[PDB]
Every structure is written in structure tokens, then in C-alpha cells.
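2 protein chains.
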Amino acid sequence: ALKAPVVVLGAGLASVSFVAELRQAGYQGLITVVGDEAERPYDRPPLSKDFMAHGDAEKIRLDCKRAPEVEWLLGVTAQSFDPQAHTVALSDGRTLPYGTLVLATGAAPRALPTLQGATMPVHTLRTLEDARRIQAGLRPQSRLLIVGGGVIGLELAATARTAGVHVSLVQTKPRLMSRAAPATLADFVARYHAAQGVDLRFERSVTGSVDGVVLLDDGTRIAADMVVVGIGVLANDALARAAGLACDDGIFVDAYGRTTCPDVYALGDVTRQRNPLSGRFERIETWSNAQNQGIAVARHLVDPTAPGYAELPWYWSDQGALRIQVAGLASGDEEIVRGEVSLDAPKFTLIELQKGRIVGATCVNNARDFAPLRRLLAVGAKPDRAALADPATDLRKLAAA
Amino acid sequence: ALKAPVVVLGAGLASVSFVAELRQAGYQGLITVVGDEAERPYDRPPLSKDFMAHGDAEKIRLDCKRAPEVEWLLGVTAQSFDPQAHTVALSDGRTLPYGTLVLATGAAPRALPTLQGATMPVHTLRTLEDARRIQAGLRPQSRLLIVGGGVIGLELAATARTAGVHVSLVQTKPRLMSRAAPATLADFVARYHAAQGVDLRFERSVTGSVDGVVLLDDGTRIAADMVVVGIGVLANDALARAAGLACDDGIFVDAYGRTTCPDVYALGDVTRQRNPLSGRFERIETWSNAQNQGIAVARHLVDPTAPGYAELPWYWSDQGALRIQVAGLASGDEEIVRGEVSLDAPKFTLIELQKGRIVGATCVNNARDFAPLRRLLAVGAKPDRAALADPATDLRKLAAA
Ligand SMILES: Cc1cc2nc3c(=O)[nH]c(=O)nc-3n(C[C@H](O)[C@H](O)[C@H](O)COP(=O)(O)OP(=O)(O)OC[C@H]3O[C@@H](n4cnc5c(N)ncnc54)[C@H](O)[C@@H]3O)c2cc1C
Ligand SMILES: Cc1cc2nc3c(=O)[nH]c(=O)nc-3n(C[C@H](O)[C@H](O)[C@H](O)COP(=O)(O)OP(=O)(O)OC[C@H]3O[C@@H](n4cnc5c(N)ncnc54)[C@H](O)[C@@H]3O)c2cc1C
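For the protein sequence lines, the chains are A and A', in the order given. A prime marks a further copy of an entry chain. The first sequence: position 1 = 5 (the entry's author numbering), numbered continuously. The second sequence: position 8 = 12 (the entry's author numbering), numbered continuously.
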């Protein structure tokens, strides 16, 4: 089952969380981690947040303390693995044996085909190197165009506006945060960004670019000094595909993290896995999944009596004055709005229900509500809906009881 | 790898094909097949075709000759399996041990929620029992309503019209055969059925039924003596789900038929698997997949040097005077029409191309063209497109050369 030695491909959050849990759970055999970035393992959420603003990479490193006795091969790329021979081929000419192989290779930004031959700066934002490159171009009064209205693009928009950068944003869908964000939240977020001076363009797509100017499918133009593309990510599943594992923009895994290849597991952004709320497979793209799935897979490898991964999805986003938290599903058959939705000191909570059962929640500038809502969500609570609306109600009381 | 004894759950085409290939490839260990239907293994395509018309089940049995030394437990249901203990629990109180378990449990017709409490005959068409029940109600001059415009519904429509039954058909999508059929084919097929007296209703859905009359979402009614629902199927993946395998309306498998659980494989209609043409995972619902995937998985179990499953998708449908064959993808960036599309002695070929490469083909009443087209499709041929259109061209010549 858990056969030594353990080899993990990728040295991001999922990998670090996994190897720390292996050690904490009592596994004492070899652990070797192969990471292609020549960087002390680091967390990505700061890259479009405080790092983009203040630039200190020594504030964003992951804690590998709970992972003693691990050899981290940084700056080296796993090029293939042979699941029959139980070996991994590295870019430095070495080969690693494994008893258990764990693919934690994450995902990479999708390129925008229409900007392939661009002769102006076009960047994506995934790595520390990416963040440093973008930051170097955030000149005050310069013009930035962001393609894509997902959370990372919006976080960059906010950061850029704070830095005195003019920002335009092109979104093909009619709303921001089209993936896993309630419409009510998305509409409010657009109003917020518009009020901060972001030039939002909905239902437009980029058709190309010429001499520092981007072209749109409504026949118009947007001049910019830099483009940052953020239209989503694609799983880094090439090694799995080549080795014969089941993959489709993501490695399919069960709740134990098992791939279709015996002795090969996968975790984090690279996986396509069951969302327990929808009961469908999806590629989850969140910090909490990377950490939680890594921990759960490790725990069950060391102790097979442990349950499989079962945590429900959630994320957060920091966009200027908006501290956004979202859990579960973006929609059901009912939304309850707790508080007023207003640009004047924004503070509200949304609750999504399905036939009376909580299936999702949102908090904007209300961290205290979010924890009890996630507990109610976890057990599929069916609370009195007037109480959920009634601002006199205390959610922590409800969650404990 | 291939560990004896072998246990297969399900006794349909995929199972029979798999166990016959195990024997032909030289595996001599135990094989036991558990089949819930108390029927000599039989093929399903005749059920909406010649069987529905002539009623002789002894013309539709599968050949288990190439599968000697197999114990077939007919009329018994596998209730669960324990992948740790390597056992299967049967409905008759017995337990089977396995070295290799193969899930070939197929799929079952989706029920129509709006007809759940119906007080008129409502059937689906999957099994021999289903076919016999429907056939018993095909009284001449009776009225049949079919819900769903997939191939099986259309085959039943044709059979019913031939039997003198009045037929109406409700399809929610704007075209028939919305799944994997080129629009050009679908439009022609509608014209054909309309000309044979089928009352087609597009872009309508069933909202309910009252006293022998079905209600539609345009506020209208259709009276019928029998409803046959054919809005698709759902994978029979309950045992896999309960045992912890990765599933999502279908058991995920790689090209070797491996599930996420070691020593457990899956084949046929129950699987979600890579379509090599699209490069995406899909649940394939075809006779050729059931046979071909079963054979390929068996071959590779006995001989691990054999390639994984690699066949490209295709199916056929017999609808009255229309002998339809479809291979590959329903669309690309180009369609070439070979011949005239006409209700007067229908006979034509479609070819779908993507950047010059053949990615799909259709033949209506032209079996001789279909085989060379599938060969061109298999190697991704990029033939001269004027020649593909030019009716003077011989496709068999092209395929050999
Ligand atoms: C800018 C940014 C902001 C974000 N903000 C938030 C947030 O506020 N909240 C939130 O919920 N989530 C956020 N996320 C998402 C989050 O960070 C991811 O879900 C998380 O990084 C996934 O971790 P991972 O370990 O699975 O993958 P990764 O972090 O991508 O780590 C995988 C590593 O493996 C490497 N690798 C790939 N292939 C190979 C190979 N063949 N050999 C060796 N190494 C390889 C990769 O280069 C990478 O270093 C953000 C992400 C970004 C980029
Ligand atoms: C009416 C009809 C017409 C068709 N026409 C065509 C056609 O012209 N061309 C074409 O390409 N395809 C056609 N098909 C599709 C085709 O027949 C299927 O793709 C094929 O039957 C799939 O084979 P299978 O072995 O995977 O599944 P199945 O045939 O469904 O066999 C699975 C068996 O396992 C049984 N089972 C399920 N669970 C258990 C359990 N727990 N224990 C024991 N047994 C279990 C099932 O009841 C079933 O008997 C048609 C299908 C139907 C129903």
C-alpha cells in the first residue's frame, strides 16, 4: 500500500502539505520531492496580493518544518516515469526509484491563442518569477489590460489600481468570476471595481494585437503598455498522460488520491476529482483543496483505516477593500441575503440553499460568519430560513447546536 | 497483473467479448461471470429492429463458443465487492473470490421525472423483457408517444410505423440524434420520419400526464396508449461508487481498462474513457465499443506488451429504409457531401474534416463506402477534398494507397 520510498513530483502547497502529513502520521521511510522551480517552496495567494504590493519573498515561503528528513530537489524537472520499473527520470540525468509515486504538479495558465505573435508585453501570473516580472512593469500611470475576469485577474486589477496603474479588463462572459461565484456576488464585485476606476468590458473577446494595441471582437481597440492574461489554467498532467494514466485536463483520482495506475497517486491542482456537493468530477483550483487533499491522501496512505478525502470546497479572494470568502456551490434553488449589499462599507453574507438545505455561502468583509456557515454547510443543515435572513440571528449558536 | 481467478460482473456484449478474448489469448485460469438477467447472453441492437418486428429471441443470442470453461451465473445480482478482501457478494447468498475483477455492468435508461406518477403505460427499451413488453402493446392503429429523438427511439418509431402504429415523438433539442450525429444527417432523418407519418415535436418537453394524456411545456397535450421514454442512459456504476472507485455517471478507466482501484477493471457502457479523436473523456454507448474495448482490455491483461485500447468510435442505426452508419466526430471545420441528399432512394456519404484531416464520416445506404472511410479516419488522412467530393473517386483505392 504505502510502499517506500516515496517520491513526489512538484514542490508546491499540495506536495508540502502531503509530505508534512506523512511525517506527522508516523511514516519514517525515504521521501524525495522533485520541484522544477529553483525556489524555496512558497505559497501562491500572496503573488496577486501583498507580495505584488511589497515584494518580499521571504514572507511567502511555506513551512517545511513539519516535514523533516525530506530531500527537496529544487530546480529539477521530472521528465517521465516508468510505472513498471517504478522509476522517475530527471532532467539532471539522475533516476529515482519509488515504491509510491505522487503527482502534485499543479496547473499552468492557459495561453491566449490570439496573442501568440504579440509584439507587446504579454504575461501570465502563476509563479514568483511571473509576479516579479509583472511588478517590474506596474509603472504608475501606465496602462494595464487584463484578459479574464477571474479572481486572480481581479486581485491584480485592485493591486494595480492601488499602485496608480490604469486598468482595463476584458471578460468574455457577461459577469466576473463566472466559475463558482454567486451572481449576486459577481454583480457587486463589478460595481466595486468600476467605482475604483477599472474599465470593464463584458461580452468581449481579444481577436489580436498590433503595435502595442489590443483588438477586440466588437471591432474596437484598447491600447496598453502590458497585457496580463488570466483566462484560467490547464492541469500539468503530461507525465501522467505519457505513462498511460486516465487524464482529461487533470488526472482522475478517487478520494484516496489513487490514479488508474497502481502505486501512483495525485493531489492538488493537477487532479480531477469528485465534488461532494455536486456529486460530479471537477478540477478544483483552490488553496484549501491543495492543502486538505494533500493531508487526507497522506493520512490514508499511512493509516488505511482513515477515511478518504471528504472536505467541501471553499476559497477566498482579497480585492482591495473586499475580503471575499466563498464556500460550496454558487447556486441552488434559493439565495438568502443577510445584510445590505452596498459600496458604502461593504459587508454582507449570502446563503445558497437547495430544497431547504444549505449548499453554499458567501461572506464579504465578515470572516466571523464564514466559519459557522461552513459547519452548517458540512452537515447539510436545513435551518429556519427566516432566521437565516433575520439579522438578529447568531450563526455560531446555530452551528454548535 | 492478470491474477486468477477472474470474475466479471455483467453478462452483456462487453463481458462476453472480454471472456472470449481471455480464452483465445491463452488464459486458462478460472473465469466466472455474474449476470443479473436470467437470459442466455444476448445482443441488444436487434431489440429495436428485427426482434421488435419478428419476436424470435433465439436469433439474438451471443456466441459464447469462443469462451469455453466459463461459469455463467445467470439471474444473480452482484450486491457489493470488497477490494481489500478481494471478494464479491452475490444476491443468492454466495461469495466469489477474485484475483482480477472486471465491471461490465452497462447502463440503464434514464427515467423521466415528470412521468413518475403516471397512470398510463410508460416503458423504456433496454432489455429483452422491455422489448417483449413494448411489442405486446404495439397494437395496429394504437397510438405511441416516444420521448427522446435518439437512435433507439427513432428505430422504435420506424418499427412501430411499419407495424401500423401511429407515432408521435417529442424531442427537447431542436434536432434529432443531438449526440454524435452530423446536423446534415439529423435534418435528413427528420424529413424521412416525417414523410413516413411520424408526428415530430421539436423543442418541447414533457411536463406531466393525466388520464392517458401527456402534457407538454407549450401548454398542449398528446394522447397516447403507450409512452416509451428514450432520453438516454445512466451508467450502472453503483458497486464501483460504493467501493470507492472514481466515477461520475461512469467508471473512469484508462486505455488498459484500469479503474482507480488496483485489480479492478471496467469495460463497455459502464465506462467513462478517452475518445482519441476529441482527446476528451466520454461515456461511449456503442456496440463496437463494448466489443472492441472488451477485447483490447482482455488482450492486454494476458499479454502486457499489447497496446491499450485504441479503436476509434463508430455506430450504426437501422431506421426503416435508412441504413445509417456514423464514424468519428459529428463535426469539424468542413463537411464534404458525396452524392445527393434525397428522400427518393436515399444514398449519400458525409465526410467531416478538421484542417484537411478526416475526423468523421457518415454513410446512408452505402456500406461499401464506410469501411474505407473508417481506415482513412484511423490514420488521420488528409485527402484531396475535390476528390472526396468528386463522385468519380474510389474510396477503397484511396484507403489502400
Ligand atoms: C496568483 C495566485 C493567487 C492565488 N490566490 C488564491 C487564493 O487567494 N485563494 C485560493 O483558494 N487559492 C488561490 N490560488 C490558488 C492556489 O494557490 C492553488 O490552488 C495551489 O497553488 C495549488 O497547489 P499545487 O501544489 O496543487 O500546485 P502548484 O502550486 O502549481 O505546485 C506545483 C509545482 O509542481 C511544479 N511542476 C510541474 N511539473 C513538474 C515536473 N515535471 N517536475 C517538477 N516539478 C513540476 C510546478 O511548476 C509547480 O511548482 C492562487 C493561485 C495563484 C497563482
Ligand atoms: C435497444 C437497443 C438498441 C441498440 N442498437 C445499437 C446499434 O444498432 N448499434 C450500436 O452501435 N449500439 C446499439 N445499442 C447499444 C449497445 O447495445 C450497447 O452499447 C451494449 O449493449 C453495451 O454492452 P455492455 O456489455 O457494456 O452493457 P450491457 O449490455 O448493458 O450489459 C450489462 C449487463 O450487466 C447487468 N448488470 C448490471 N449490474 C449488475 C450487477 N450488480 N450484477 C449483475 N449484473 C449486472 C446488466 O443488467 C446487463 O445485463 C443498442 C442498445 C439498445 C438497448
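All C-beta atoms, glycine included, are put in the ideal place defined by N, C-alpha and C.
Same chain, Cβ closer than 6 Å to residue i, neighbours up to 5 away in sequence not counted
| i | result |
| --- | --- |
| A:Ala300 | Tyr313 |
| A:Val217 | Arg225 and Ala227 |
| A':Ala18 | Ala108, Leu271, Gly272, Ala294 and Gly298 |
| A':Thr264 | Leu249 and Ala250 |
| A':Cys367 | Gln329, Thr353, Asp373 and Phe374 |
| A':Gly384 | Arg361 |
| A':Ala247 | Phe85 and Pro87 |
Other residues of its chain near residue i: CB distance less than 7 Å, five sequence neighbours each side excluded
| i | result |
| --- | --- |
| A':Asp222 | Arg208 |
| A:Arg70 | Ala24, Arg27 and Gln28 |
| A:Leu238 | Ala111, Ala112, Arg114 and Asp253 |
| A':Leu6 | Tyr31, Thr104, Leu305 and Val306 |
| A:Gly59 | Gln139 |
| A:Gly168 | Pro144 and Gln145 |
| A':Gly33 | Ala8, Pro9 and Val10 |
Secondary structure of residue i, DSSP reduced to three states
| i | result |
| --- | --- |
| A:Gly212 | strand |
| A':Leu305 | helix |
| A':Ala403 | helix |
| A':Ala167 | coil |
| A':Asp273 | helix |
| A':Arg65 | strand |
| A:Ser172 | strand |
| A':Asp54 | helix |
| A':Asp203 | strand |
| A:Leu149 | strand |
| A':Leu13 | strand |
| A:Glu289 | coil |
| A':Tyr196 | helix |
| A':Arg136 | helix |
| A':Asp60 | coil |
| A':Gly298 | helix |
| A':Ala162 | helix |
| A':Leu189 | helix |
| A':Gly157 | helix |
Of the listed residues the options, nearest to residue i (C-alpha basis)
| i | options | result |
| --- | --- | --- |
| A':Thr353 | A':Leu347, A':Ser335 and A':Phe374 | A':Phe374 |
| A':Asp47 | A':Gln295, A':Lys401 and A':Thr224 | A':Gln295 |
| A':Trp318 | A':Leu249, A':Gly324 and A':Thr290 | A':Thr290 |
| A':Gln139 | A':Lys7, A':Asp54, A':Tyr269 and A':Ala302 | A':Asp54 |
| A:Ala244 | A:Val233, A:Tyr269 and A:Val174 | A:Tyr269 |
| A:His197 | A:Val210, A:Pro376, A:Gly283 and A:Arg179 | A:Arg179 |
| A:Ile328 | A:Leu158, A:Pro280 and A:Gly59 | A:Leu158 |
| A':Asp273 | A':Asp322, A':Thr264, A':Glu286 and A':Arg262 | A':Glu286 |
| A':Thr211 | A':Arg205, A':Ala190 and A':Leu116 | A':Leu116 |
| A':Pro280 | A':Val171, A':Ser182 and A':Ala382 | A':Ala382 |
| A:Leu160 | A:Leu316, A:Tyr102, A:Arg136 and A:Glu73 | A:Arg136 |
| A:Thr166 | A:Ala187, A:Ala199 and A:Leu189 | A:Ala199 |
| A':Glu41 | A':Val80, A':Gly33, A':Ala194 and A':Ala310 | A':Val80 |
| A:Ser292 | A:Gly283, A:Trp320 and A:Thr309 | A:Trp320 |
| A':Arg183 | A':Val151, A':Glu133, A':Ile235 and A':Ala61 | A':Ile235 |
| A':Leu220 | A':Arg284, A':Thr118 and A':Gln277 | A':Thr118 |
| A:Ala57 | A:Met181, A:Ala242 and A:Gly141 | A:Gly141 |
Cβ-Cβ separation, residue j to residue i (assumed contact under 8 Å), whole Å
| i | j | result |
| --- | --- | --- |
| A':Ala334 | A':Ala185 | 6 Å |
| A:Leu173 | A:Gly153 | 6 Å |
| A':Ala164 | A':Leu148 | 5 Å |
| A':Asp388 | A':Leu357 | The pair is not a contact, with the Cβ atoms about 11 Å apart (cut-off 8 Å). |
| A':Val363 | A':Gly332 | 5 Å |
| residue 406 of chain A' | A':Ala405 | Chain A' is shown from 5 up to 405; residue 406 of chain A' falls before or after that span and cannot be answered. |
Same chain, Cβ closer than 8 Å to residue i, five either side skipped, listed in chain order
| i | result |
| --- | --- |
| A:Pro350 | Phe192, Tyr196, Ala325, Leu326, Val368 and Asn369 |
| A':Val38 | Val11, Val12, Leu13, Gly14, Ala15, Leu77, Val80, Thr81, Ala82, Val92, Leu94 and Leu100 |
Distance cut-off 6 Å: residue i Cβ against heavy atoms of ligand 4
| i | result |
| --- | --- |
| A:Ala244 | Looking at this structure, you won't find ligand 4 anywhere; what it does contain is ligand 1 and ligand 2. |
Subject >> Sequence ranges, alpha helix (DSSP H) only - wholly within the stretch 16-49 of chain A, length at least 4 >> reply: 17-29
Original post:
Can you list, in chain order, the stretches of the alpha helix (DSSP H) that have 4 or more residues and sit fully within the stretch 316-404 of chain A?
Top reply: Entirely contained in the stretch 316-404 of chain A, the alpha helix (DSSP H) runs reaching 4 residues are, in chain order, 371-382, 389-393 and 399-404.
Original post:
Can you give, in chain order, each stretch of the beta strand (DSSP E) that sits fully within the stretch 212-284 of chain A and has at least 3 residues?
Top reply: 217-220, 225-227, 230-233, 237-239, 268-270 and 275-279
Original post:
What residue ranges within the stretch 64-130 of chain A form continuous beta strand (DSSP E) runs of no fewer than 3 residues, ordered along the chain?
Top reply: 75-78, 82-86, 91-94, 99-101, 104-107, 111-113 and 126-128
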